[PDB]
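Visitor: Mind having a look at this structure? Questions to follow.
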Amino acid sequence: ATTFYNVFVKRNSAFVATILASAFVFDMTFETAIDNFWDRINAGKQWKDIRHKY
Amino acid sequence: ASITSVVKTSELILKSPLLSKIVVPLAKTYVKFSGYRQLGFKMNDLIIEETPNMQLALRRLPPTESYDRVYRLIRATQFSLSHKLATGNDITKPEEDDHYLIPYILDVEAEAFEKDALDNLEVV
Amino acid sequence: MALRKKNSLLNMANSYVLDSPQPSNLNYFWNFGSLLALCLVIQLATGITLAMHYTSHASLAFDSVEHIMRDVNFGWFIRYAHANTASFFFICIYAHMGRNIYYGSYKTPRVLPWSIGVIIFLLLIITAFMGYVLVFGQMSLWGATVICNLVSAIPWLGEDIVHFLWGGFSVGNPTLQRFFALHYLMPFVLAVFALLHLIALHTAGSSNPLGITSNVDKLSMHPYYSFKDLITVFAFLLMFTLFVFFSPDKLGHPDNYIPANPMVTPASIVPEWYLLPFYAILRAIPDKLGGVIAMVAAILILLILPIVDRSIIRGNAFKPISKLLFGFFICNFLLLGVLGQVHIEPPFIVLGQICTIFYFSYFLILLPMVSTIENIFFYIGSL
Amino acid sequence: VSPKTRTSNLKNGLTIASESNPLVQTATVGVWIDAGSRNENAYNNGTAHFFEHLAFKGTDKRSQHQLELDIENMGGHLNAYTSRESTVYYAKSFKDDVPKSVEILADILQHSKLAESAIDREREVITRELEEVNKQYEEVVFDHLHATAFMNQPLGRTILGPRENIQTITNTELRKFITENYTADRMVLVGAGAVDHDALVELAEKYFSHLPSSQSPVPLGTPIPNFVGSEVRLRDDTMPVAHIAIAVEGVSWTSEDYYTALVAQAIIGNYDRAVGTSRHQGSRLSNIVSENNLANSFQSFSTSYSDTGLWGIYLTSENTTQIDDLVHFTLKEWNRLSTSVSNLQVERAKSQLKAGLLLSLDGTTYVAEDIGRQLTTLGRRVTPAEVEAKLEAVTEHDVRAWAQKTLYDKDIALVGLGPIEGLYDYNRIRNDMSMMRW
Amino acid sequence: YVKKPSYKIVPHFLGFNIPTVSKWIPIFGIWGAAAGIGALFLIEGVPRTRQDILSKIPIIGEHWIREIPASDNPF
Amino acid sequence: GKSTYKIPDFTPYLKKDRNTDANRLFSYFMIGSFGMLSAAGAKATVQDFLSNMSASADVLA
Ligand code: HEM
Ligand code: HEM
Ligand SMILES: CCCCCCCCCCCCO[C@@H]1O[C@H](CO)[C@@H](O[C@H]2O[C@H](CO)[C@@H](O)[C@H](O)[C@H]2O)[C@H](O)[C@H]1O
Ligand SMILES: CCCCCCCCCCCCO[C@@H]1O[C@H](CO)[C@@H](O[C@H]2O[C@H](CO)[C@@H](O)[C@H](O)[C@H]2O)[C@H](O)[C@H]1O
């Protein structure tokens, strides 16, 4: 906790760099997660699900 | 540029015989064409004053010098707005163009520059 | 206590237009600030009125301007007033900036109003450039094409940025509709920055032609400068009248009365006259990116005047050598303007390069040298 | 090079410590005790200070009047003070009046009457002291500072104690306090000036030999404080001067960072507009404050206790519309101990401290106070050579590392007294404990 | 005996000296990283950013290699 | 009620571990998460919004 504080939080430059890097990761992973979840709840309905017939 | 700088460089020139022989006559002509004496100013009246250092130097003027400076500034402003020049006793003669302010500003700046140096001292 | 002082809203107006303490010796070059405010008011009134009759779609834009000229009551006047006042706006802004440079208005303690002023000047250029495209004549289209393609020089992303600005792969309807929306907005941004530079100025007050403090001798803004401003307002309105009513197209390009045609290229594609010096500077550098940088630097270099002027005295009234150098700098700026509209031919190519070097060397070499030497001459000459 | 401090013990465990100076003609002997208000609980808080009053109210032999006369006849004076962790009773006299003074001190400590009549009389005197400290603003500020920083803990209590206790302190609880706490292993007999060590040891064997020893003798200066970030505001618009203290949890006497905290304290330093030299001091905060007239004075402190401390600054100002600037600039100077200090400031502060720690000891009372303090907090007198070596060991890296764990982004205890409308709320003060640009 | 205090003036400019600036060099580094990460994050959607930078990163880079099936693309 | 040295009762609110790095780190985790979602939300907002200026579907056609 001391170590974590000292490296990522104590300097605001490091804190902001960690926040921005986390935002980048969140953005990419959340995108992928929602895409999969949306595809499962709407399964068989979307064009991607019927496209194979054509 | 600081008044300190200007004064030191001037003193280098005034020392060199060659340099003074060529610079002093030019400087006198420059001052004649400048024409600030025709509005009844002394050279030092023209120095920019909106600086902490200059405000401190002006506060250290003797009251008489200070009251006379205020009058020259008001008088020159009235010539400026009227588009007239000084005549007669209002024209600053070369012998009246004294550096009344230079000693005060040099002392203010001396301390200011010493303070900057001493703020950067390193114990050896 | 008088209401104009007691009420906070009235007191703000009071502080700027009535009790504002001014130097008693401002000369007529201090009148360009109120002329610029007048141009801004005319451009807002005429511009909003033109927007009530103009159609931003590329299929109708040029014809909507002809409808304004032909069918709208007094539309010819509103259109000519708006187009001519754009030129007057630049004459007044060059005069105001020239005043500021000659009298040392950029020096402490007025660095902030000067620096915001440089941004005002950039916003005026953008505003005027977008407004000129809206006619959608030949110069409108081809000027937009060549000026927007300068952005292609930005490394890596330049081409992408251009397509993004255009909203397509060439200047077309998307570009015209966005330029309309931005041309309408930019004058409001410009008014805010104009207000900001005055609020920044209010901490020191106006400088004056002698370069000394005026704290010793102040005059109220009203009635003295109100009535002195009326003289230059009526002089300006006389010049306005001569162009708008008797020669409305003297400052324009005939090619802008031909509808935009992406196929035919006009003989010579030049900016409006007030952009010409910056175009000559761009031509001087052979590299595309080089030229763009030089052209932007030519405006941003105004930001270093507070540093490169090493004088212990504010302004040029008492500095014969600085006055000569300033005279050469101004005439060089006019020559750059002329060279901006000549053909790229001998011997104007080399001349444009020499004038460009002179332009930059004023800021980087001559003004620092001359201002240093004059400091020494004032000191030695008055001993 | 100062003479060596001699140290001896008795059988009970009483330490005798002396430093002779053959150039003076007076001597300060006294008893430093490792005991103070912090040894009381909440019910008998005030006892230690109560005893200090009664110690001079008469013994089994000499009555109050005889005591007065005996000291008058000696020629010098007696003095005492009780703090949170230390009690002192000393006697300044002539060279050859030292055996008299040791005898009187031994008497008032061991054989004091604590007569119900005298308890009852002082009970009013002490009650009046509660309403007159109110004037000593620095003391008001520091007592509130301890009360809040160590909220509901023994170090947070005042020395006088609450009004309620003053009315209920009995001779029984007074006797119990001094029997439990004034033991030989907690006491040091100190002599400075014109004293012979061997003479003083003999006098100790004569007068302090029948002192009780404690059951479990711990070493001298043996002690858990949990600092509370918090604020007390005592706004008083009618006062012209604002008094503000800001502190973080500091270092104990035996911390490894004790010298690092002193050097950091010297980098900020003190300032007083009334002293002529203060406008020329090298400290950055000094320059800011003097140029802008932000304060009449400020005084950096680093107070130590056995197991904790408080490190901070005390400010006084009449500039009531710029208190915000004063606090802002002070805490931004603290930030720079974490972000910016280099060998420039550190070596300058070390130079100033190497002398300062020696300069402070300029009379027999100061010397006695130094021997007594060091013996009751560290168990030994630290030689100037050891002190010079510990200061020399402080680097700029040490100061930065210390400030980053002690000051940077930490809670403060804050006390404001007087016209403090301009002192912002806790969050805005505590937000200046870090810099967003770093 | 000491006749004079022992010191030098370190070079300085605009109130900065090398000892002080050197302490902040790492901080400029991290702020530069913060500004780099932030800038790149802002233009992550730009196709050229993906093509030239993001898709080239090992392992992770395949997140940005996405093809529209030719059957689903009007253009 | 009268003495100002007797601090009012704050025991209902005081945390025992108030001076620890763990204690501060938790609050900065909340602040940081908030800043992280605000950064990701701003980025999404700006990207989707500004894309209106890129060539529209009819232009790309
Ligand atoms: C600083 C303020 C302004 C400047 C410098 C400016 C400049 C210009 C210029 C150079 C043109 C081309 C004129 C032509 O040759 O036909 C133009 C056109 C136009 N401007 Fe402005 N303008 C300004 C403010 C405004 C404002 C506030 C509006 C409000 C909508 C506006 C609306 C228009 C319209 C609709 C046109 C196209 C019709 C036309 O060409 O006349 N302008 N503007
Ligand atoms: C919309 C454009 C502008 C307007 C309406 C405007 C208006 C004004 C006004 C009314 C004043 C006070 C009166 C005067 O000295 O003339 C003034 C002063 C000033 N302006 Fe502007 N201005 C504009 C653009 C600029 C630009 C482009 C610059 C600089 C590049 C600038 C720099 C200044 C400075 C430095 C002053 C103080 C001059 C002094 O009194 O010594 N302004 N302006
Ligand atoms: C020029 C366009 C006309 C509209 C005026 C511009 C509107 C916005 C201006 C408000 C910005 C605030 O501007 C600020 O106002 C206050 C009072 O109004 C001024 O204050 C000044 O006047 C008042 C009395 O007149 C004094 O109390 C004060 O000592 C003096 O500094 C500031 O010098 C000015 O900087
Ligand atoms: C200072 C800020 C920096 C400059 C800002 C950048 C401006 C424009 C950048 C990218 C805008 C377009 O970038 C593009 O955006 C859209 C979302 O908006 C994304 O598109 C994604 O989501 C949208 C809906 O959200 C779907 O229609 C699409 O099928 C999917 O691929 C693309 O994956 C991305 O390539």
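Residues are referred to by chain and number: the chain letter is A, B, ... according to the order shown in the structure tokens, the number counts from 1 in that chain, and ligands are numbered separately from 1 in the order shown.
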Give me every alpha helix (DSSP H) residue in region 4-74 of chain E, going by DSSP on the backbone, as a ChimeraX atom specification.

Guide: /E:18-42,47-52

Visitor: Residue 104 (chain B): which residues within 8 Å, counting only C-alpha atoms, same-chain residues fewer than 4 positions away excluded, as a list in words?

Guide: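 Listed by chain and then number, they are residues 57, 58, 60, 61 and 108 of chain B.
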
Visitor: Please provide the set of residues having any atom within 12 Å of residue 12 (chain E), restricted to only C-alpha atoms, with same-chain residues fewer than 2 positions apart removed, written as a list in words.

Guide: residues 113, 116, 117, 118, 119, 120, 121 and 122 of chain B; 9, 10, 14, 15, 16, 17, 18, 19, 20 and 21 of chain E

Visitor: Once you count only C-alpha atoms and all ligand atoms, which residues end up within 9 Å of ligand 2, and could you hand them over as a ChimeraX atom specification?

Guide: /C:26,29-40,89,92-94,96-101,103-107,110-122,124,187,190-191,193-195,197-198,201,205-209,211,302-303

Visitor: To check your reading of the model: which residues sit at most 8 Å from ligand 3 when counting only C-alpha atoms and all ligand atoms? Write the answer as a PDB file with N, CA and C atoms, in the first residue's frame.

Guide:
```
ATOM      1  N   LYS C   5     -22.013  54.747 -10.214  1.00  0.00           N
ATOM      2  CA  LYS C   5     -20.910  54.160  -9.469  1.00  0.00           C
ATOM      3  C   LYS C   5     -21.424  53.073  -8.526  1.00  0.00           C
ATOM      4  N   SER C   8     -23.711  47.811  -9.685  1.00  0.00           N
ATOM      5  CA  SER C   8     -22.576  47.082 -10.234  1.00  0.00           C
ATOM      6  C   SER C   8     -22.632  46.969 -11.759  1.00  0.00           C
ATOM      7  N   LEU C   9     -23.814  46.775 -12.356  1.00  0.00           N
ATOM      8  CA  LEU C   9     -23.863  46.716 -13.809  1.00  0.00           C
ATOM      9  C   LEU C   9     -23.505  48.061 -14.430  1.00  0.00           C
ATOM     10  N   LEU C  10     -24.165  49.142 -13.992  1.00  0.00           N
ATOM     11  CA  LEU C  10     -23.865  50.467 -14.516  1.00  0.00           C
ATOM     12  C   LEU C  10     -22.401  50.809 -14.294  1.00  0.00           C
ATOM     13  N   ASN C  11     -21.869  50.389 -13.152  1.00  0.00           N
ATOM     14  CA  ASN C  11     -20.495  50.714 -12.847  1.00  0.00           C
ATOM     15  C   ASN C  11     -19.498  50.055 -13.806  1.00  0.00           C
ATOM     16  N   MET C  12     -19.819  48.877 -14.338  1.00  0.00           N
ATOM     17  CA  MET C  12     -18.950  48.272 -15.338  1.00  0.00           C
ATOM     18  C   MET C  12     -18.913  49.103 -16.610  1.00  0.00           C
ATOM     19  N   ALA C  13     -20.076  49.547 -17.073  1.00  0.00           N
ATOM     20  CA  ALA C  13     -20.092  50.390 -18.249  1.00  0.00           C
ATOM     21  C   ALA C  13     -19.347  51.688 -17.950  1.00  0.00           C
ATOM     22  N   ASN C  14     -19.651  52.286 -16.797  1.00  0.00           N
ATOM     23  CA  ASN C  14     -19.058  53.534 -16.348  1.00  0.00           C
ATOM     24  C   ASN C  14     -17.532  53.442 -16.397  1.00  0.00           C
ATOM     25  N   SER C  15     -16.979  52.337 -15.897  1.00  0.00           N
ATOM     26  CA  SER C  15     -15.541  52.156 -15.828  1.00  0.00           C
ATOM     27  C   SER C  15     -14.896  52.082 -17.206  1.00  0.00           C
ATOM     28  N   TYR C  16     -15.656  51.745 -18.252  1.00  0.00           N
ATOM     29  CA  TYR C  16     -15.034  51.551 -19.553  1.00  0.00           C
ATOM     30  C   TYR C  16     -15.340  52.707 -20.489  1.00  0.00           C
ATOM     31  N   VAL C  17     -16.461  53.404 -20.300  1.00  0.00           N
ATOM     32  CA  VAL C  17     -16.820  54.350 -21.349  1.00  0.00           C
ATOM     33  C   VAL C  17     -17.047  55.745 -20.784  1.00  0.00           C
ATOM     34  N   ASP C  19     -16.281  57.226 -16.822  1.00  0.00           N
ATOM     35  CA  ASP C  19     -15.278  57.710 -15.893  1.00  0.00           C
ATOM     36  C   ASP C  19     -13.893  57.133 -16.179  1.00  0.00           C
ATOM     37  N   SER C  20     -13.763  56.226 -17.148  1.00  0.00           N
ATOM     38  CA  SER C  20     -12.473  55.602 -17.402  1.00  0.00           C
ATOM     39  C   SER C  20     -11.389  56.676 -17.504  1.00  0.00           C
ATOM     40  N   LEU C 195     -13.133  41.908 -25.896  1.00  0.00           N
ATOM     41  CA  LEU C 195     -13.450  42.364 -24.563  1.00  0.00           C
ATOM     42  C   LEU C 195     -12.339  41.975 -23.584  1.00  0.00           C
ATOM     43  N   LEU C 198      -9.392  44.296 -23.639  1.00  0.00           N
ATOM     44  CA  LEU C 198      -9.631  45.552 -22.930  1.00  0.00           C
ATOM     45  C   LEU C 198      -9.636  45.408 -21.414  1.00  0.00           C
ATOM     46  N   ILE C 199     -10.216  44.326 -20.905  1.00  0.00           N
ATOM     47  CA  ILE C 199     -10.177  44.130 -19.470  1.00  0.00           C
ATOM     48  C   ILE C 199      -8.720  43.956 -19.035  1.00  0.00           C
ATOM     49  N   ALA C 200      -7.919  43.200 -19.794  1.00  0.00           N
ATOM     50  CA  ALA C 200      -6.505  43.107 -19.453  1.00  0.00           C
ATOM     51  C   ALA C 200      -5.833  44.482 -19.487  1.00  0.00           C
ATOM     52  N   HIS C 202      -7.067  47.287 -18.736  1.00  0.00           N
ATOM     53  CA  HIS C 202      -7.599  48.241 -17.781  1.00  0.00           C
ATOM     54  C   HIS C 202      -6.752  48.309 -16.523  1.00  0.00           C
ATOM     55  N   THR C 203      -5.911  47.294 -16.304  1.00  0.00           N
ATOM     56  CA  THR C 203      -5.027  47.303 -15.151  1.00  0.00           C
ATOM     57  C   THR C 203      -3.927  48.365 -15.282  1.00  0.00           C
TER      58      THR C 203
END
```

Visitor: Could you name the residues that touch residue 84 (chain B) at 10 Å or less, counting only C-alpha atoms, but leaving out those on the same chain fewer than 4 positions away, as a ChimeraX atom specification?

Guide: /B:38-39,76,78-80

Visitor: Please save C-alpha atoms of the selected residues as a compact mmCIF listing (two decimals), in the first residue's frame.

Guide:
```txt
# COMPACT_ATOMS: atom_id res chain seq x y z
CA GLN B 38 12.23 70.28 -26.90
CA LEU B 39 9.37 69.05 -24.70
CA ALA B 76 5.33 67.73 -21.53
CA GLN B 78 0.36 69.55 -22.23
CA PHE B 79 2.85 70.25 -25.07
CA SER B 80 2.06 66.84 -26.57
```

Visitor: Give the residue list for ligand 1 at 8 Å, counting only C-alpha atoms and all ligand atoms, as a PyMOL selection string, sorted by chain and then by residue number.

Guide: chain C and resi 39-40+43-55+65+78-80+82-87+89+124-125+127-135+180-181+183-188+190+252+256

Visitor: Set the cut-off to 10 Å, count only C-alpha atoms and all ligand atoms, and list whatever residues fall near ligand 4 as a PyMOL selection string.

Guide: (chain A and resi 31) or (chain C and resi 161+164) or (chain E and resi 38-50+64+66+68) or (chain F and resi 42-54)

Visitor: Identify every residue of chain B that has at least one atom within 10 Å of any atom of chain C, counting only C-alpha atoms, and report the result as a compact mmCIF listing (two decimals) with N, CA, C and O atoms, in the first residue's frame.

Guide:
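Result file is selection-v4.txt:
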```
# COMPACT_ATOMS: atom_id res chain seq x y z
N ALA B 1 16.04 45.67 -21.11
CA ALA B 1 17.45 45.84 -20.51
C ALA B 1 17.46 46.64 -19.20
O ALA B 1 16.68 47.58 -19.01
N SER B 2 18.38 46.26 -18.30
CA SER B 2 18.47 46.88 -17.00
C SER B 2 19.30 48.15 -17.11
O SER B 2 20.19 48.25 -17.97
N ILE B 3 19.02 49.13 -16.25
CA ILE B 3 19.84 50.33 -16.24
C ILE B 3 21.28 49.96 -15.92
O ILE B 3 22.20 50.56 -16.47
N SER B 5 23.01 47.31 -16.80
CA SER B 5 23.63 46.88 -18.05
C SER B 5 24.08 48.08 -18.88
O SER B 5 25.16 48.07 -19.46
N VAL B 6 23.17 49.05 -19.02
CA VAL B 6 23.35 50.17 -19.92
C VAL B 6 24.49 51.00 -19.38
O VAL B 6 25.35 51.43 -20.14
N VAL B 7 24.48 51.19 -18.06
CA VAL B 7 25.52 52.00 -17.46
C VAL B 7 26.89 51.32 -17.59
O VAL B 7 27.86 51.98 -17.92
N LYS B 8 26.96 50.00 -17.36
CA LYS B 8 28.25 49.32 -17.43
C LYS B 8 28.83 49.33 -18.85
O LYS B 8 30.03 49.55 -19.03
N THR B 9 27.99 49.03 -19.84
CA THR B 9 28.44 49.05 -21.22
C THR B 9 28.94 50.44 -21.60
O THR B 9 29.98 50.58 -22.25
N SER B 10 28.18 51.47 -21.22
CA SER B 10 28.59 52.85 -21.46
C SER B 10 29.95 53.13 -20.86
O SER B 10 30.73 53.86 -21.46
N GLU B 11 30.22 52.59 -19.67
CA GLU B 11 31.49 52.86 -19.01
C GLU B 11 32.63 52.16 -19.74
O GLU B 11 33.70 52.76 -19.88
N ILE B 13 32.82 51.83 -22.92
CA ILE B 13 33.04 52.63 -24.11
C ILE B 13 33.79 53.89 -23.71
O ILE B 13 34.70 54.31 -24.41
N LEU B 14 33.38 54.50 -22.60
CA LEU B 14 33.97 55.78 -22.22
C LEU B 14 35.43 55.60 -21.81
O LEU B 14 36.20 56.55 -21.87
N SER B 20 35.44 55.97 -27.40
CA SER B 20 34.81 57.21 -26.98
C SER B 20 34.92 58.27 -28.07
O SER B 20 33.95 59.00 -28.29
N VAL B 23 32.11 57.30 -30.47
CA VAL B 23 30.76 57.09 -29.95
C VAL B 23 30.21 58.35 -29.31
O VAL B 23 29.05 58.69 -29.53
N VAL B 24 31.05 59.08 -28.56
CA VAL B 24 30.53 60.25 -27.88
C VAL B 24 29.92 61.29 -28.82
O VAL B 24 28.87 61.85 -28.51
N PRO B 25 30.56 61.67 -29.95
CA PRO B 25 29.94 62.60 -30.89
C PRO B 25 28.64 62.08 -31.51
O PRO B 25 27.70 62.85 -31.68
N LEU B 26 28.60 60.78 -31.82
CA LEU B 26 27.37 60.19 -32.32
C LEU B 26 26.26 60.31 -31.28
O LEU B 26 25.12 60.61 -31.65
N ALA B 27 26.59 60.01 -30.02
CA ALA B 27 25.58 59.98 -28.98
C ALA B 27 25.01 61.39 -28.77
O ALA B 27 23.80 61.56 -28.62
N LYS B 28 25.87 62.40 -28.89
CA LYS B 28 25.41 63.77 -28.73
C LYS B 28 24.47 64.19 -29.86
O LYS B 28 23.48 64.87 -29.61
N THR B 29 24.76 63.77 -31.09
CA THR B 29 23.88 64.06 -32.22
C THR B 29 22.56 63.32 -32.04
O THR B 29 21.50 63.88 -32.28
N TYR B 30 22.65 62.06 -31.62
CA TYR B 30 21.45 61.27 -31.43
C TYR B 30 20.52 62.00 -30.47
O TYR B 30 19.34 62.17 -30.75
N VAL B 31 21.09 62.49 -29.37
CA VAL B 31 20.28 63.15 -28.38
C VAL B 31 19.64 64.42 -28.94
O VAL B 31 18.49 64.71 -28.63
N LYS B 32 20.37 65.16 -29.79
CA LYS B 32 19.85 66.36 -30.43
C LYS B 32 18.69 66.02 -31.36
O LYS B 32 17.67 66.70 -31.32
N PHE B 33 18.83 64.98 -32.18
CA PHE B 33 17.74 64.59 -33.05
C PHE B 33 16.58 63.93 -32.30
O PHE B 33 15.45 63.96 -32.78
N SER B 34 16.85 63.34 -31.14
CA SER B 34 15.79 62.69 -30.40
C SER B 34 14.69 63.70 -30.08
O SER B 34 13.50 63.43 -30.24
N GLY B 35 15.12 64.87 -29.63
CA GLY B 35 14.21 65.99 -29.46
C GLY B 35 13.41 65.94 -28.16
O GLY B 35 12.49 66.73 -28.02
N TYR B 36 13.76 65.09 -27.19
CA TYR B 36 13.02 65.11 -25.94
C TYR B 36 13.24 66.42 -25.17
O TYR B 36 12.39 66.82 -24.38
N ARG B 37 14.38 67.08 -25.39
CA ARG B 37 14.64 68.34 -24.70
C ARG B 37 13.70 69.43 -25.17
O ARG B 37 13.42 70.35 -24.42
N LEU B 39 10.60 69.12 -25.46
CA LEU B 39 9.37 69.05 -24.70
C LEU B 39 9.66 69.31 -23.23
O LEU B 39 8.78 69.10 -22.41
N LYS B 42 13.93 65.81 -19.13
CA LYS B 42 15.29 65.34 -18.97
C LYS B 42 15.31 63.88 -19.39
O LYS B 42 14.29 63.21 -19.21
N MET B 43 16.46 63.38 -19.84
CA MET B 43 16.53 62.01 -20.34
C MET B 43 15.89 61.02 -19.37
O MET B 43 15.12 60.16 -19.78
N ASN B 44 16.21 61.12 -18.08
CA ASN B 44 15.72 60.12 -17.14
C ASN B 44 14.20 60.14 -16.99
O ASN B 44 13.64 59.16 -16.52
N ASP B 45 13.52 61.24 -17.35
CA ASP B 45 12.06 61.26 -17.29
C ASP B 45 11.44 60.23 -18.24
O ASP B 45 10.28 59.87 -18.07
N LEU B 46 12.21 59.74 -19.21
CA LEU B 46 11.64 58.89 -20.24
C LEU B 46 11.72 57.42 -19.86
O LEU B 46 11.13 56.60 -20.54
N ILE B 47 12.45 57.09 -18.80
CA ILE B 47 12.68 55.68 -18.50
C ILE B 47 11.38 55.03 -18.03
O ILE B 47 10.63 55.62 -17.25
N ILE B 48 11.12 53.80 -18.50
CA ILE B 48 9.88 53.11 -18.19
C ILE B 48 9.75 52.98 -16.68
O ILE B 48 10.68 52.56 -16.02
N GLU B 49 8.58 53.30 -16.11
CA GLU B 49 8.52 53.29 -14.66
C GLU B 49 7.65 52.17 -14.10
O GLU B 49 7.63 51.99 -12.89
N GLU B 50 6.92 51.43 -14.96
CA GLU B 50 5.94 50.48 -14.45
C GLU B 50 6.62 49.15 -14.17
O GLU B 50 6.36 48.14 -14.83
N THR B 51 7.49 49.15 -13.18
CA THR B 51 8.29 48.00 -12.79
C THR B 51 8.44 48.12 -11.29
O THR B 51 8.61 49.23 -10.78
N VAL B 70 7.26 65.55 -11.51
CA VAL B 70 5.84 65.59 -11.78
C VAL B 70 5.51 66.79 -12.66
O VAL B 70 4.76 66.70 -13.62
N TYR B 71 6.12 67.94 -12.37
CA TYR B 71 5.80 69.08 -13.20
C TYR B 71 6.29 68.91 -14.63
O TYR B 71 5.58 69.25 -15.57
N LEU B 73 6.56 66.16 -16.29
CA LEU B 73 5.69 65.23 -16.99
C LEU B 73 4.37 65.90 -17.38
O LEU B 73 3.89 65.68 -18.49
N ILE B 74 3.80 66.70 -16.48
CA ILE B 74 2.55 67.38 -16.78
C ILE B 74 2.78 68.40 -17.88
O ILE B 74 2.03 68.47 -18.83
N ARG B 75 3.83 69.20 -17.76
CA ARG B 75 4.13 70.17 -18.79
C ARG B 75 4.33 69.51 -20.16
O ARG B 75 3.83 70.03 -21.16
N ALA B 76 5.04 68.38 -20.25
CA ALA B 76 5.33 67.73 -21.53
C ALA B 76 4.03 67.17 -22.08
O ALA B 76 3.82 67.21 -23.28
N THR B 77 3.19 66.60 -21.21
CA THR B 77 1.90 66.12 -21.65
C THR B 77 1.07 67.25 -22.25
O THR B 77 0.34 67.04 -23.22
N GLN B 78 1.11 68.44 -21.66
CA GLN B 78 0.36 69.55 -22.23
C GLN B 78 0.94 69.99 -23.57
O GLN B 78 0.17 70.30 -24.48
N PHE B 79 2.28 69.99 -23.75
CA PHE B 79 2.85 70.25 -25.07
C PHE B 79 2.43 69.20 -26.10
O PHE B 79 2.15 69.51 -27.25
N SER B 80 2.47 67.93 -25.71
CA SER B 80 2.06 66.84 -26.57
C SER B 80 0.61 67.00 -27.04
O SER B 80 0.31 66.91 -28.22
N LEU B 81 -0.32 67.26 -26.12
CA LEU B 81 -1.70 67.32 -26.58
C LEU B 81 -1.98 68.56 -27.42
O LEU B 81 -2.91 68.54 -28.20
N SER B 82 -1.21 69.64 -27.23
CA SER B 82 -1.39 70.87 -27.98
C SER B 82 -0.61 70.84 -29.29
O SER B 82 -0.65 71.82 -30.02
N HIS B 83 0.24 69.82 -29.51
CA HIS B 83 1.12 69.81 -30.68
C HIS B 83 2.02 71.04 -30.75
O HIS B 83 2.25 71.57 -31.83
N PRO B 94 21.41 71.44 -22.30
CA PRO B 94 22.27 70.28 -22.03
C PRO B 94 22.84 70.16 -20.61
O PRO B 94 23.04 69.04 -20.12
N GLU B 95 23.08 71.31 -19.97
CA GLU B 95 23.61 71.40 -18.61
C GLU B 95 22.55 71.09 -17.55
O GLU B 95 22.88 70.88 -16.39
N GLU B 96 21.27 71.12 -17.95
CA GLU B 96 20.21 70.80 -17.01
C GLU B 96 19.82 69.34 -17.17
O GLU B 96 18.97 68.86 -16.42
N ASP B 97 20.40 68.61 -18.12
CA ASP B 97 19.90 67.28 -18.40
C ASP B 97 20.60 66.30 -17.47
O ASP B 97 21.39 65.47 -17.92
N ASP B 98 20.34 66.42 -16.17
CA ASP B 98 21.09 65.64 -15.18
C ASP B 98 20.45 64.28 -14.91
O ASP B 98 19.23 64.13 -14.88
N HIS B 99 21.31 63.30 -14.60
CA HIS B 99 20.86 61.95 -14.32
C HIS B 99 20.40 61.84 -12.87
O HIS B 99 21.03 61.16 -12.07
N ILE B 102 19.33 58.01 -12.00
CA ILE B 102 20.21 56.87 -12.25
C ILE B 102 20.80 56.31 -10.95
O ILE B 102 20.82 55.10 -10.77
```

Visitor: Find the residues in chain D near chain F: any atom within 10 Å counts, using only C-alpha atoms. Write them as a count of residues only.

Guide: 27

Visitor: What is the distance, in Å and to one decimal place, between CA of residue 266 (chain D) and CA of residue 312 (chain D)?

Guide: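 Rounded to one decimal, the two atoms are 11.4 Å apart.
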